[PDB]
Structure formats: C-alpha cells, structure tokens
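Protein chains in written order, with my numbering: chain A, 211 to 347; chain B, 211 to 347. We treat Cβ as the ideally placed atom computed from N, Cα and C, and that holds for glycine. Notes follow the structure.
Written out as structure tokens, the structure is:
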C-alpha cells in the first residue's frame, strides 16, 4: 500500500531546479507518499515532478493511480534512467511521526533522480527508508 | 525468496570492465539469482562483482547470506550510489526457462551499476523483470 499524505505545487528551489535541469522558481508538483508493506509502514517518499513534461498530472489522484505509470502515459515518454545516492540521516520530528521512528532516529535516506532521456530528468525523489537498502539488485 | 542458481569466476569482458572501471580480463564473480515474491518468480538477477574490493566474497553462500550487506561487510565500505538504465528485451530461451516467460516474450531489462564512491564501482547487475518498473520511488 502507498497512500498520498499531501501534495502541493511549489516553486523549484535552486537545488531541486539543478537536479531537474529547470529554471529555479519554476512550479513543480510535490507529492508526499507513505508506503506500507503488509500493513507496516516501510518508507516515506517525497516526489518532485517537472509538470511541464506531463500535461494533466496535477489533476491525478495518486491514491487511485500509480505515479510512474501515470508520468509515462501523460508524457508519452518511457523512463529510461535512474540515479540514486544513499546517505544516513536522523529522520526528523514530522517525518518521524509518519514512520513512527523516534525522532532523531537514524534512517536510510535516498535521493533519486528519474529521467526520460539522458538529458531530460522528470522527477527528483527523497526517500526515507527506516529499514535497509533494496534499490539494489 | 532469492535463490542462487549459479556462480562463476570469469574474466571481465570489455563492456563489463568499462562499467566496473577495471582492466579487461580481470577476474570477476558472476552470480545468477532468481528472486521469487510470495512463491511466484519475480526476477532473474545476474550480478558481476569486482572481487578485489571484497576479500572473501567468492567463499560466501548467497543462499545463506544477502549479497549487498555482504559486499559492505567484506569491503568495510558503504554503498553510496546506484545508476540504472531500463530497456525492453525479448527474454531468451534459457532465461525464459528460469522465469517461465515464453521465450521471445518481452521483459523489462535493467542494467544497474552500484558504487562505493563516485569513482569506485563494485557491482554491475543485469535484471530481467517480467512485470513492471519498481526501482523507482
């Protein structure tokens, strides 16, 4: 199970804009999603999506649709590449609350950049994994 | 469940050597692993591992140990980056047999390069996924 906690259209900050190769300040879609595995909360996902590439994405209910299939349909583009970077973090109070983790608990943090083509990023995700690596394999 | 089908020490071919940034011909460990999800076969994984970075890895039974945790223990290095590239393929006869797919069926093919540091790759995997993207998110 993945449930949408919140969404928002927000201006891309400089870091996010650099990752997505867009102009700082350009509106992007922010999605926060809580993924649970067997009715235990696995991970907290914060997706930031370049909406210029997928006309209509802001109107989707992602409690009812899957994110990446929807990106692909609306763009009529295939996802061809991914990069991830893995780091230790100490979750935080608010994120903590979503995952139960004790605030200040250490979690695996992943940043992932998702591309249609080598030169066209579409989505930049931050993942808070309270368990153990598994984007590998 | 993941089960080891086979393993082999083999010389790195030019493509694999370039991915792993090693000298063509250098011995690497090849592992073929079949991952099943709930007693249905999910994916076929072929890992190729630079053994110079993990003294002892060739002696492990990965029916009894997890691959990436073991890479990390033996190297005393953390995995910090991943890149994947996704492509459509038509499985093949022998791979087909491992996944049941009809030979010549189309599957999602992933190549994934796993790094300790930006300049030090450790593993180059080919994954045959007969279902649908999910390294994303």
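Find out if the Cβ-Cβ distance for the pair residue i, residue j is shorter than 8 angstroms.
i                      : j                      : result
residue 185 of chain A : residue 308 of chain A : Residue 185 of chain A lies beyond the range of chain A shown here (211 to 347); nothing can be said about it.
residue 213 of chain A : residue 244 of chain A : yes
residue 321 of chain B : residue 336 of chain B : yes
residue 280 of chain A : residue 289 of chain A : no
residue 261 of chain B : residue 230 of chain B : no
residue 299 of chain A : residue 319 of chain A : yes
Under three-state DSSP, which class holds residue i?
i                      : result
residue 229 of chain A : helix
residue 335 of chain A : strand
residue 299 of chain A : strand
residue 346 of chain A : coil
residue 307 of chain A : helix
residue 328 of chain B : coil
residue 312 of chain A : coil
residue 280 of chain A : helix
residue 220 of chain B : strand
residue 289 of chain A : coil
residue 267 of chain A : helix
For residue i, which option in the options has the closest C-alpha, if you only look at C-alpha atoms?
i                      : options                    : result
residue 225 of chain A : A/337, A/270, A/236, A/300 : A/236
residue 296 of chain B : B/275, B/304, B/338        : B/338
residue 257 of chain B : B/323, B/342, B/344        : B/323
residue 294 of chain B : A/302, A/268, A/345        : A/345
residue 286 of chain B : B/251, B/298, B/263        : B/263
residue 249 of chain B : B/217, B/211, B/218        : B/211
residue 241 of chain B : B/340, B/347, B/277        : B/277
residue 282 of chain B : B/251, B/333, B/246, B/252 : B/333
residue 340 of chain A : A/273, A/252, A/272, A/347 : A/252
residue 330 of chain A : A/259, A/223, A/347        : A/259
So, for residue i: in the same chain, excluding its five sequence neighbours on each side, which residues have a beta-carbon less than 7 angstroms away from its beta-carbon?
i                      : result
residue 291 of chain B : 325, 328
residue 266 of chain A : 284
residue 305 of chain A : 254, 338
residue 313 of chain B : 301, 302, 303, 306
For the ligand COA, is there a heavy atom less than 7 angstroms away from the beta-carbon of residue i?
i                      : result
residue 347 of chain A : The ligand COA is absent from the structure shown, which contains no ligand whatsoever.
For residue i, report the span of its beta strand (DSSP E) as first-last.
i                      : result
residue 257 of chain A : 251-259
residue 245 of chain A : 237-246
Residues in its own chain within less than 6 angstroms of residue i by CB, not counting five upstream and five downstream?
i                      : result
residue 316 of chain B : 298, 300
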